[PDB]
Every structure is written in structure tokens, then in C-alpha cells.
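Notes to accompany the following structure.
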Amino acid sequence: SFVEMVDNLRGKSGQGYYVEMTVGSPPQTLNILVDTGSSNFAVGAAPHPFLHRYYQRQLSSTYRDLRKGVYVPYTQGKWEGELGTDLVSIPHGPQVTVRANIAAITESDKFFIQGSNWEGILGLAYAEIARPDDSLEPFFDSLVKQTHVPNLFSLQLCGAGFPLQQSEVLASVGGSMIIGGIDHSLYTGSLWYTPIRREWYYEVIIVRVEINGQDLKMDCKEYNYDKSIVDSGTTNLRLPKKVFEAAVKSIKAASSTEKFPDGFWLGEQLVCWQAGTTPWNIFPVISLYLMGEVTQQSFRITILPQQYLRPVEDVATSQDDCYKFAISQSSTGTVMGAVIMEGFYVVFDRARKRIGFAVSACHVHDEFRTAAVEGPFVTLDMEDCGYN
Ligand SMILES: CN(C(=O)CCN1Cc2cc(C(=O)c3ccccc3)ccc2N=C1N)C1CCCCC1
């Protein structure tokens, strides 16, 4: 179907997924992180201890200067840049060349990650959350208007399998970003769609949460406290303070046969099990019910411990499989990160203002269980879950 784009993503979920791209004339190649969490196409345009390479504007005959600066701070950090434009392409993507807005990053604190292997970020969200403002057209918006590529893209993040490293990056590809299409070889079963509440972040509405079938039983509005978005840039599944606690307890209980340190459930410290003996069956499956496109109808996606327990290279890299509990609390609402996406083929159907989920043909699981997507359900009381 889209053989060309299949498996065009790499990196490390923990350090983000990225795709190859080229900017300027002649072509300058750079790894760009795929982030559904933002709307700026920003690349390193100056040396930095963590950049193997960067965008060299003086060497591009098509580069154009907008003579406008941009300051973006975030978490005790920030990236500063100079706005401009140039021609862009995606080798393992559509065979097209567009002209996009490019923030040439010139100074940054806490942005570029050591080891990730990407020198830039491709924000696929809407302009509403673009810096310095919504007038700076996002990349995909430009791509869709300068070509005939369909206004939609889908993602299948396969998180590989076992612990990887900066070296294992260019050895085992991570996943796929299919631009302008939906690839039938990336999923099994049906594709279920949930509406996009507001086009700024990819915001959705969750109506119910379950732990091994048991209802978390909270006012559905609490689940979307502030907001709920899907973000390929975020590693963990992030949930409000309350929901978070309620969940850890339920998860704690479910797994009682064995006890772990409070440090584990805080993401502070990890756990290990003699190679090959990880007791998956002891940990519970998790499920989020989403609002359906059809009124009063809803469906659910379900992940396994193989999705929320991230494999990490042991401290002493011994012969023991250790794991990190990838479920943490949030204050900015729910973030459906990689622990969620690595279970499904996710479709960002902007043209129809919806997002679809399907079982990933590459998700991790043992023969006893499997991730799922099932519907329809009728648990009256849904739009009422939307926060304001
Ligand atoms: C925190 N990260 C996330 O992916 C979670 C949600 N975000 C935040 C985010 C922040 C930025 C920045 O402007 C920035 C500035 C200085 C230092 C760090 C970040 C840009 C895009 C963002 N998109 C998200 N998905 C980080 C995960 C690694 C990639 C950077 C964002």
C-alpha cells in the first residue's frame, strides 16, 4: 500500500521518534523528531555539543530571511531562533518538495537531548499553538496546500522490543509515519474513530477508565481535567493527579502477589526479573474508553503491561530484564503518549476532524493477551466530560 513510507521512523520512544528530512538547496539532511504535541518546524541552525550536524542557511540558495525572532521557553528551559523559509523534502515519504516556515534555532537550554540522534522537531499540530503565533503556518498545512497529498497522516510506533541504545538506533527501525494515507498492513481488526474536540492540540475526550475490567469509577470530567491530547512526543501515559493516584492503587492491588518500592510507582526506581521470567500475567491490562463519532456510542482501546512497563538497560547491564513504570502524573491534563500509541495504528484524519485507533500489527505481547480496540458501548454521559 504505502511501501515507500513503511518503517520510515527510528530513534527511541524514551528519546522520541524521528524521520529523515532535507532542507535547502542543495539538500541538507537532518533527523527530525515527529511531534504531534506541537506546531513548529524547528531545526538546529548552529553548533551545539549535542548536534552531529545542523542547518546551514548560508549554504542554501533557496533560504529566505523573515527578519523576525522567536523565543520559546518550556520547563526551566527554552529554544531561541530566527524565522525564515526554505524548501523541504522527506526521502522516505511523499515525492514532493514544499516551501515551509523554519525556525532556525540559535541557542537553547534543555531542548536538544544527548543521544536521541535528531537535530530538529516537526510539529504536526495546528497553528493555534504555533509560536510566535498562529500566523506562522505549520509544515503539514503548507504541504497539503502546495501539493495534492491528502490532509491526513497515520502513525504506528512499534517501540522495537527489548532495551535499545544510541547505537541500536541505526540498526532496528522504530515505526511508521504514513503521510496522506492509511496503510492496511499496519493494523488488524477495525479502525475506530473519536472526534477532535478542538483543533489546537489533538484533543480528545475520554469517558471511562478500567483496570483489568474494573471501573476506575470517576466523574468522566476528571479524566479530561484541563484537557486530553494524543502526543507522539511524550513517552509516558500522563494522567491528572487524581486519576493518577486512583490508577496506581488499582494497579498496585491487581499485582499484590508481589510488592514493589514506592519508588517504582513513582517512576523513580525500576524493577528487574531473571531474564525471560517477567511475570506479565500478574500486572493488569488498562483501558481508556473514548467518545465515538456516533452519538451516545463509544469504544475502547486496551494496552498490556508490555506497553506501560518500559524496558531499560540494567544499571550494570547484567543478565536481568529490568523495567520502569511508565505511568506518571500530570497537571496539564491527560497526555496519551507512547505507552498508548505503541499499542495502536493511529490515524490523524484532519480532513474529517477525527482520530482513529486500531490494533497495531506490530505491538508487543505474549500469546496469552493482546492489545485491543472494541466497541460500541453505551455509558450515557460523555460530552459532559469535556473540561472548559
Ligand atoms: C517535554 N517534551 C514532550 O514531548 C512533552 C510535551 N511536549 C513539550 C514540548 C516542548 C518544546 C519546547 O519548546 C522545549 C524548549 C526547551 C526545552 C525542551 C522543550 C517543544 C515541543 C514540545 N512538544 C511536546 N510533545 C519533550 C520531549 C522531547 C522532545 C522535546 C519536547
Side-chain angles (χ1 to χ4, degrees), residues 1-12 15-45 51-57 59-64 84-105 116-127 130 136-158 169-170 173-183 185-186 202 232-233 341 345-351:
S1 211
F2 292 87
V3 277
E4 25 171 357
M5 309 188 274
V6 165
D7 206 43
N8 60 4
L9 299 183
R10 280 173 314 192
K12 232 304 318 318
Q15 303 200 307
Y17 290 90
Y18 65 76
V19 62
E20 185 165 297
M21 297 185 92
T22 66
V23 301
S25 316
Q28 295 182 55
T29 301
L30 299 166
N31 284 162
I32 306 297
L33 186 137
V34 186
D35 172 36
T36 53
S38 62
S39 313
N40 270 76
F41 178 27
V43 318
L51 302 165
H52 301 302
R53 48 188 179 181
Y54 56 69
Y55 177 37
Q56 295 183 286
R57 293 171 294 172
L59 300 157
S60 174
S61 67
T62 39
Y63 164 73
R64 278 180 157 79
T85 68
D86 208 337
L87 303 187
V88 186
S89 300
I90 305 170
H92 306 285
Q95 308 310 305
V96 299
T97 304
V98 273
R99 172 169 264 109
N101 279 312
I102 304 177
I105 291 167
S116 70
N117 192 39
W118 45 259
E119 301 86 40
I121 182 179
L122 166 51
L124 302 157
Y126 306 84
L136 188 68
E137 181 164 284
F139 180 82
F140 216 77
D141 283 281
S142 292
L143 172 61
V144 165
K145 292 191 165 305
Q146 286 172 46
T147 80
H148 288 155
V149 172
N151 189 22
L152 166 167
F153 74 88
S154 55
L155 301 177
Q156 186 202 56
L157 307 178
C158 306
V169 181
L170 300 176
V173 190
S176 306
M177 174 171 66
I178 305 293
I179 308 176
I182 291 175
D183 197 284
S185 72
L186 301 172
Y202 286 101
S232 77
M341 294 178 67
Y345 175 38
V346 186
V347 173
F348 293 84
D349 191 343
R350 300 151 58 89

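The first residue of the sequence shown is numbered 1, and numbering continues consecutively from there. Atoms considered below: every heavy atom in the structure, side chains included; atoms not considered: hydrogens, waters and symmetry mates.
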Exercise for the section: May I ask you to test the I102-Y55 pair for a side-chain heavy-atom distance under 4.5 Å? Expected result: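 Yes, side chains in contact.
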Problem - Non-hydrogen side-chain atoms of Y345 and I178 separated by less than 4.5 Å - result: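 Yes, close enough: below the 4.5 Å cut-off.
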Problem - Interatomic spacing from CD1 in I179 to CD1 in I90 - rounded to 0.5 Å - result: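 Output value for this atom pair is 3.5 Å.
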Practice task
First locate atom CG of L122, then atom OG of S38, and finally report the distance between them rounded to the nearest 0.5 Å.
Solution key: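 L122 atom CG to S38 atom OG measures 8.0 Å (nearest 0.5 Å).
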Practice task
Report the residues that fulfil ring-ring contact (aromatic ring centres under 6.0 Å, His included) with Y126, sequence neighbours left out, ordered by chain and then residue number.
Solution key: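 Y126 satisfies ring-ring contact (aromatic ring centres under 6.0 Å, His included) with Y202 once adjacent residues are dropped.
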Handout entry: With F140 via ring-ring contact (aromatic ring centres under 6.0 Å, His included) - residues at least two apart
Key =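 Testing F140 for ring-ring contact (aromatic ring centres under 6.0 Å, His included), a comparison that skips the adjacent residues, returns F153.
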Going by the rule side-chain contact (heavy atoms from CB on, under 4.5 Å), which residues pair with [X] if we only count those two or more places apart in sequence or in a different chain?
X: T62; answer: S25, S60, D86, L87, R99
X: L51; answer: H48, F112, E119
X: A42; answer: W79, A103, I105, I121
X: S142; answer: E137, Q146

Handout entry: Results of salt bridge (charged side-chain N to carboxylate O under 4.0 Å, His left out) for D35 - residues two or more places apart only
Key =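 Not a single residue meets the salt bridge (charged side-chain N to carboxylate O under 4.0 Å, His left out) criterion with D35.
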Exercise for the section: Identify, with sequence neighbours excluded, every residue that meets salt bridge (charged side-chain N to carboxylate O under 4.0 Å, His left out) alongside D183. Expected result: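 By the salt bridge (charged side-chain N to carboxylate O under 4.0 Å, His left out) rule, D183 matches no residue at all.
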Looking at [X] and [Y], what are the two nearest heavy atoms and their distance?
X: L152; Y: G181; value: CD2-O, 3.2 Å
X: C158; Y: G174; value: CB-O, 3.0 Å
X: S232; Y: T36; value: N-OG1, 2.6 Å

Handout entry: salt bridge (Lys or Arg N to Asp or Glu O under 4.0 Å) partners of residues 139-153, not counting sequence neighbours, each pair once
Key =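 Qualifying pairs, neighbours excluded: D141-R350.
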Exercise for the section: Check whether any side-chain N or O of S39 sits under 3.5 Å from a backbone N or O of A125 as a donor-acceptor pair, and report yes or no. Expected result: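 Checked: pair present.
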Practice task
Look at the side chain of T97 and the backbone N and O of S89, then say whether any donor-acceptor pair between them is shorter than 3.5 Å.
Solution key: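 No.
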Handout entry: Residue pairs, two or more places apart or on separate chains, that pass ring-ring contact (aromatic ring centres under 6.0 Å, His included) and touch residues 19-44
Key =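 Output for this query lists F41-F139.
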Pair up each side-chain donor or acceptor in residues 4-11 with any protein partner under 3.5 Å, not counting sequence neighbours, and list the distances.
| from | atom 1 | to | atom 2 | distance (Å) |
| --- | --- | --- | --- | --- |
| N8 | OD1 | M177 | N | 2.9 |
| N8 | ND2 | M5 | O | 3.2 |
| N8 | ND2 | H92 | O | 3.2 |
| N8 | ND2 | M177 | O | 2.9 |

Practice task
Test side chain to side chain contact (heavy atoms under 4.5 Å, CB included) on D349 and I182 and set out the steps.
Solution key: CA-CA 9 Å; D349 191 343; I182 291 175; 5.8 Å; no
Handout entry: Donor + acceptor pair across side chains of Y18, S116 (<3.5 Å)
Key =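 There is no such pair between these side chains.
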Anything under 3.5 Å between a donor and an acceptor, one on a side chain of residues 27-34, the other on a protein residue two or more places apart or in another chain? List them.
| from | atom 1 | to | atom 2 | distance (Å) |
| --- | --- | --- | --- | --- |
| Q28 | OE1 | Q56 | N | 2.9 |
| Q28 | NE2 | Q56 | O | 3.2 |
| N31 | OD1 | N117 | ND2 | 3.2 |

